[PDB]
Every structure is written in C-alpha cells, then in structure tokens.
file run-v9.cif (mmCIF, N, CA and C atoms)
data_entry
loop_
_atom_site.group_PDB
_atom_site.id
_atom_site.type_symbol
_atom_site.label_atom_id
_atom_site.label_comp_id
_atom_site.auth_asym_id
_atom_site.auth_seq_id
_atom_site.Cartn_x
_atom_site.Cartn_y
_atom_site.Cartn_z
ATOM 1 N N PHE A 1 -19.694 30.424 -45.689
ATOM 2 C CA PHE A 1 -20.699 29.948 -46.633
ATOM 3 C C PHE A 1 -20.342 30.320 -48.069
ATOM 4 N N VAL A 2 -19.366 31.214 -48.223
ATOM 5 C CA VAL A 2 -19.207 31.928 -49.487
ATOM 6 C C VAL A 2 -18.561 31.098 -50.591
ATOM 7 N N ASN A 3 -17.923 29.979 -50.269
ATOM 8 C CA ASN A 3 -17.060 29.292 -51.234
ATOM 9 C C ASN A 3 -16.020 30.269 -51.775
ATOM 10 N N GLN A 4 -15.349 30.948 -50.848
ATOM 11 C CA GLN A 4 -14.334 31.930 -51.176
ATOM 12 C C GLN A 4 -13.119 31.690 -50.301
ATOM 13 N N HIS A 5 -11.947 31.955 -50.863
ATOM 14 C CA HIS A 5 -10.734 31.947 -50.072
ATOM 15 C C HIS A 5 -10.717 33.185 -49.180
ATOM 16 N N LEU A 6 -10.141 33.031 -47.988
ATOM 17 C CA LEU A 6 -9.992 34.129 -47.035
ATOM 18 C C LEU A 6 -8.508 34.230 -46.718
ATOM 19 N N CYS A 7 -7.875 35.297 -47.191
ATOM 20 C CA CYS A 7 -6.443 35.487 -47.020
ATOM 21 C C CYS A 7 -6.150 36.890 -46.513
ATOM 22 N N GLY A 8 -5.067 37.010 -45.753
ATOM 23 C CA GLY A 8 -4.594 38.332 -45.358
ATOM 24 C C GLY A 8 -5.625 39.072 -44.529
ATOM 25 N N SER A 9 -5.807 40.356 -44.841
ATOM 26 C CA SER A 9 -6.729 41.179 -44.069
ATOM 27 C C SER A 9 -8.170 40.696 -44.173
ATOM 28 N N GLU A 10 -8.532 39.992 -45.250
ATOM 29 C CA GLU A 10 -9.883 39.449 -45.347
ATOM 30 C C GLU A 10 -10.084 38.296 -44.375
ATOM 31 N N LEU A 11 -9.048 37.488 -44.159
ATOM 32 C CA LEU A 11 -9.102 36.461 -43.129
ATOM 33 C C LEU A 11 -9.161 37.089 -41.742
ATOM 34 N N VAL A 12 -8.368 38.149 -41.509
ATOM 35 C CA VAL A 12 -8.402 38.872 -40.241
ATOM 36 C C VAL A 12 -9.813 39.372 -39.964
ATOM 37 N N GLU A 13 -10.406 40.058 -40.941
ATOM 38 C CA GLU A 13 -11.736 40.634 -40.757
ATOM 39 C C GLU A 13 -12.758 39.551 -40.453
ATOM 40 N N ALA A 14 -12.699 38.437 -41.181
ATOM 41 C CA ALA A 14 -13.655 37.355 -40.958
ATOM 42 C C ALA A 14 -13.468 36.728 -39.583
ATOM 43 N N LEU A 15 -12.218 36.572 -39.129
ATOM 44 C CA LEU A 15 -11.995 35.986 -37.813
ATOM 45 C C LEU A 15 -12.570 36.866 -36.707
ATOM 46 N N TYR A 16 -12.310 38.175 -36.756
ATOM 47 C CA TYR A 16 -12.871 39.060 -35.740
ATOM 48 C C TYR A 16 -14.394 39.014 -35.750
ATOM 49 N N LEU A 17 -14.999 38.933 -36.933
ATOM 50 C CA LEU A 17 -16.458 38.923 -37.005
ATOM 51 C C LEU A 17 -17.032 37.647 -36.403
ATOM 52 N N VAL A 18 -16.480 36.489 -36.772
ATOM 53 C CA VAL A 18 -17.092 35.236 -36.342
ATOM 54 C C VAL A 18 -16.774 34.919 -34.882
ATOM 55 N N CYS A 19 -15.675 35.439 -34.342
ATOM 56 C CA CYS A 19 -15.306 35.160 -32.962
ATOM 57 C C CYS A 19 -15.953 36.124 -31.968
ATOM 58 N N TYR A 20 -16.710 37.105 -32.431
ATOM 59 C CA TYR A 20 -17.238 38.149 -31.557
ATOM 60 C C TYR A 20 -18.537 37.721 -30.889
ATOM 61 N N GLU A 21 -18.701 38.123 -29.628
ATOM 62 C CA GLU A 21 -19.951 37.915 -28.904
ATOM 63 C C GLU A 21 -20.170 39.096 -27.967
ATOM 64 N N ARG A 22 -21.361 39.688 -28.025
ATOM 65 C CA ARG A 22 -21.637 40.903 -27.257
ATOM 66 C C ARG A 22 -21.802 40.617 -25.764
ATOM 67 N N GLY B 1 -3.208 24.349 -40.654
ATOM 68 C CA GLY B 1 -3.640 25.472 -39.848
ATOM 69 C C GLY B 1 -4.669 26.338 -40.539
ATOM 70 N N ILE B 2 -4.917 27.520 -39.970
ATOM 71 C CA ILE B 2 -5.969 28.390 -40.492
ATOM 72 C C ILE B 2 -5.648 28.841 -41.911
ATOM 73 N N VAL B 3 -4.378 29.157 -42.187
ATOM 74 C CA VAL B 3 -4.021 29.632 -43.521
ATOM 75 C C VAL B 3 -4.179 28.510 -44.537
ATOM 76 N N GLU B 4 -3.694 27.319 -44.202
ATOM 77 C CA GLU B 4 -3.823 26.184 -45.106
ATOM 78 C C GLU B 4 -5.284 25.842 -45.364
ATOM 79 N N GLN B 5 -6.120 25.892 -44.328
ATOM 80 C CA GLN B 5 -7.517 25.495 -44.467
ATOM 81 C C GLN B 5 -8.365 26.564 -45.139
ATOM 82 N N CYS B 6 -8.130 27.835 -44.810
ATOM 83 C CA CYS B 6 -9.041 28.906 -45.186
ATOM 84 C C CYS B 6 -8.524 29.810 -46.293
ATOM 85 N N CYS B 7 -7.209 29.914 -46.464
ATOM 86 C CA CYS B 7 -6.613 30.753 -47.502
ATOM 87 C C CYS B 7 -6.176 29.918 -48.701
ATOM 88 N N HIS B 8 -5.334 28.907 -48.475
ATOM 89 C CA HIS B 8 -4.932 28.029 -49.570
ATOM 90 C C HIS B 8 -6.120 27.223 -50.076
ATOM 91 N N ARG B 9 -6.946 26.734 -49.159
ATOM 92 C CA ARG B 9 -8.138 25.960 -49.462
ATOM 93 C C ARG B 9 -9.365 26.773 -49.061
ATOM 94 N N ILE B 10 -10.530 26.150 -49.152
ATOM 95 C CA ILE B 10 -11.798 26.771 -48.795
ATOM 96 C C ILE B 10 -12.244 26.154 -47.480
ATOM 97 N N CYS B 11 -12.605 26.995 -46.522
ATOM 98 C CA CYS B 11 -13.100 26.518 -45.240
ATOM 99 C C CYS B 11 -14.507 27.049 -44.996
ATOM 100 N N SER B 12 -15.281 26.274 -44.248
ATOM 101 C CA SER B 12 -16.626 26.669 -43.877
ATOM 102 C C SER B 12 -16.584 27.655 -42.713
ATOM 103 N N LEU B 13 -17.723 28.313 -42.480
ATOM 104 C CA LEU B 13 -17.854 29.156 -41.298
ATOM 105 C C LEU B 13 -17.592 28.346 -40.035
ATOM 106 N N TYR B 14 -18.066 27.099 -39.999
ATOM 107 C CA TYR B 14 -17.810 26.237 -38.849
ATOM 108 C C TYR B 14 -16.316 26.032 -38.646
ATOM 109 N N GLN B 15 -15.589 25.763 -39.732
ATOM 110 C CA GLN B 15 -14.157 25.506 -39.603
ATOM 111 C C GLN B 15 -13.427 26.761 -39.143
ATOM 112 N N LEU B 16 -13.819 27.922 -39.663
ATOM 113 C CA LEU B 16 -13.158 29.157 -39.266
ATOM 114 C C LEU B 16 -13.340 29.418 -37.779
ATOM 115 N N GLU B 17 -14.557 29.213 -37.266
ATOM 116 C CA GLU B 17 -14.849 29.530 -35.873
ATOM 117 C C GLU B 17 -14.092 28.641 -34.899
ATOM 118 N N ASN B 18 -13.643 27.459 -35.331
ATOM 119 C CA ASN B 18 -12.844 26.618 -34.452
ATOM 120 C C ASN B 18 -11.476 27.211 -34.156
ATOM 121 N N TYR B 19 -11.088 28.293 -34.832
ATOM 122 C CA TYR B 19 -9.829 28.973 -34.554
ATOM 123 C C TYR B 19 -9.986 30.146 -33.589
ATOM 124 N N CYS B 20 -11.175 30.345 -33.030
ATOM 125 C CA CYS B 20 -11.413 31.466 -32.126
ATOM 126 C C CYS B 20 -10.769 31.211 -30.768
#
call {"tool": "encode", "arguments": {"input": "run-v9.cif", "output": "structure tokens"}}
result
Amino acid sequence: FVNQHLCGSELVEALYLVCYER
Amino acid sequence: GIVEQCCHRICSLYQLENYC
C-alpha cells in the first residue's frame, strides 16, 4: 500500500511478513 | 519478476503476495 520500492532486505522482510500464516 | 516489479518498480501488496 505504501507506494514505496522494496529492495534487498526490505523486500525480504516484506515477503516473510505477507506470506506468513499462523 | 519480483525484483523488476517490486524493487525497480512499485508493486501492490496483492502483487507481492503472488510470489509466496
């Protein structure tokens, strides 16, 4: 939603967050 | 790919989640 680029470790962090399900 | 869509360009949360 952020209108931000996601690169490197920030892309990694975002992928782990959005792909997670408890 | 994910880098082209989300790093070089801007991707939505929906687009990012399609790479899970």
call {"tool": "interface_residues", "arguments": {"input": "run-v9.cif", "of": "chain B", "to": "chain A", "cutoff": "6.5 Å", "atoms": "only N, CA and C atoms", "output": "number ranges by chain"}}
result
B: 6-13, 17, 20
call {"tool": "select_by_dssp", "arguments": {"input": "run-v9.cif", "residues": "chain A", "states": "helix (DSSP H, G or I)", "output": "VMD selection string"}}
result
chain A and resid 9 to 18
call {"tool": "atom_distance", "arguments": {"input": "run-v9.cif", "atom1": "atom N of residue B:1", "atom2": "atom N of residue B:14"}}
result
15.1 Å
call {"tool": "atom_distance", "arguments": {"input": "run-v9.cif", "atom1": "atom CA of residue B:3", "atom2": "atom CA of residue B:16"}}
result
10.1 Å
call {"tool": "axis_aligned_box", "arguments": {"input": "run-v9.cif", "around": "stretch 4-21 of chain A", "padding_each_side": "4 Å", "output": "lines of an AutoDock Vina configuration file"}}
result
center_x = -12.4
center_y = 36.1
center_z = -39.6
size_x = 23.6
size_y = 18.2
size_z = 31.2
call {"tool": "build_atoms", "arguments": {"input": "run-v9.cif", "residues": "stretch 2-18 of chain B", "atoms": "N, CA, C and O atoms", "output": "compact mmCIF listing (two decimals), in the frame of the given file"}}
result
# COMPACT_ATOMS: atom_id res chain seq x y z
N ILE B 2 -4.92 27.52 -39.97
CA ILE B 2 -5.97 28.39 -40.49
C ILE B 2 -5.65 28.84 -41.91
O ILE B 2 -6.54 28.92 -42.77
N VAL B 3 -4.38 29.16 -42.19
CA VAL B 3 -4.02 29.63 -43.52
C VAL B 3 -4.18 28.51 -44.54
O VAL B 3 -4.74 28.71 -45.63
N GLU B 4 -3.69 27.32 -44.20
CA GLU B 4 -3.82 26.18 -45.11
C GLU B 4 -5.28 25.84 -45.36
O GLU B 4 -5.66 25.54 -46.50
N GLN B 5 -6.12 25.89 -44.33
CA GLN B 5 -7.52 25.50 -44.47
C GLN B 5 -8.36 26.56 -45.14
O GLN B 5 -9.26 26.24 -45.94
N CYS B 6 -8.13 27.84 -44.81
CA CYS B 6 -9.04 28.91 -45.19
C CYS B 6 -8.52 29.81 -46.29
O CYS B 6 -9.34 30.43 -46.99
N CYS B 7 -7.21 29.91 -46.46
CA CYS B 7 -6.61 30.75 -47.50
C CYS B 7 -6.18 29.92 -48.70
O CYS B 7 -6.61 30.18 -49.83
N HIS B 8 -5.33 28.91 -48.48
CA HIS B 8 -4.93 28.03 -49.57
C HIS B 8 -6.12 27.22 -50.08
O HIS B 8 -6.28 27.03 -51.29
N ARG B 9 -6.95 26.73 -49.16
CA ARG B 9 -8.14 25.96 -49.46
C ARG B 9 -9.36 26.77 -49.06
O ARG B 9 -9.26 27.94 -48.69
N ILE B 10 -10.53 26.15 -49.15
CA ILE B 10 -11.80 26.77 -48.80
C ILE B 10 -12.24 26.15 -47.48
O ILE B 10 -12.26 24.92 -47.34
N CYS B 11 -12.60 27.00 -46.52
CA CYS B 11 -13.10 26.52 -45.24
C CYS B 11 -14.51 27.05 -45.00
O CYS B 11 -14.90 28.10 -45.50
N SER B 12 -15.28 26.27 -44.25
CA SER B 12 -16.63 26.67 -43.88
C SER B 12 -16.58 27.66 -42.71
O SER B 12 -15.57 27.83 -42.04
N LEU B 13 -17.72 28.31 -42.48
CA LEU B 13 -17.85 29.16 -41.30
C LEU B 13 -17.59 28.35 -40.03
O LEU B 13 -16.93 28.82 -39.11
N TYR B 14 -18.07 27.10 -40.00
CA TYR B 14 -17.81 26.24 -38.85
C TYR B 14 -16.32 26.03 -38.65
O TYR B 14 -15.81 26.12 -37.52
N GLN B 15 -15.59 25.76 -39.73
CA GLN B 15 -14.16 25.51 -39.60
C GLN B 15 -13.43 26.76 -39.14
O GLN B 15 -12.52 26.69 -38.30
N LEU B 16 -13.82 27.92 -39.66
CA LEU B 16 -13.16 29.16 -39.27
C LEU B 16 -13.34 29.42 -37.78
O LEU B 16 -12.39 29.79 -37.09
N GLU B 17 -14.56 29.21 -37.27
CA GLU B 17 -14.85 29.53 -35.87
C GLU B 17 -14.09 28.64 -34.90
O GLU B 17 -13.92 29.03 -33.74
N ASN B 18 -13.64 27.46 -35.33
CA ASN B 18 -12.84 26.62 -34.45
C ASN B 18 -11.48 27.21 -34.16
O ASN B 18 -10.77 26.68 -33.28
